[PDB]
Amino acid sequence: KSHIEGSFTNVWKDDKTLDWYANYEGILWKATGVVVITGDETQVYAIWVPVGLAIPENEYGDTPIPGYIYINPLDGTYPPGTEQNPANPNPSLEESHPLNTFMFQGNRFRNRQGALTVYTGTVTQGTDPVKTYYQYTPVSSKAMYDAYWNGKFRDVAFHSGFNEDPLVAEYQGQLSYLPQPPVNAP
């Protein structure tokens, strides 16, 4: 099938790849190209590509609505374990979420002296009980690091103390707009 450039509603973000997805006409679509999301995550604008059968369980006007250009922190433009990005390439399995993490575009980040890691889902590989691990993968996105370095996360990336809940970054990305209505409007 051919790609659909436009907005979808009833979208979700995969917790392992951090890519956005939506169902339309019984097909599963993956958001590619430049991805723009609404602050409340209800809608995503992108170059939607048919990637498989629809999965319903994961789930207007005509003028553009406010949103933000999404940065996938795992896009590999600044790969760890290199001269460029010396950070350790190996993701950790935390018994619990690290303290002092912050929310940026629905993704949860940890900053350890300049090395950024991001929450990439749980991993329950046990038996009795089970043991649930929270995987934190090293950020491989140059865009994410350019924002951090320009101090765009000064308000949330340098906290210390016993703080379990993530703080929400004031900066939510490059401002943009999503065309309306969503293509998969009910």
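When you see a residue number, it is the position in the sequence shown, counting from 1.
- According to the record, the deposited sequence contains 10 or more residues between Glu59 and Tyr60 that were left without coordinates.
- Higher mean CA B-factor, judged across 21-29 and 170-178 from the recorded values: 21-29.
- Looking at 123-131 and 44-52 together, the entry lists the larger mean B-factor for 123-131, computed on C-alpha atoms.
- Within the group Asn72, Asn100, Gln105, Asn88, the record's highest C-alpha temperature factor is found at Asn88.
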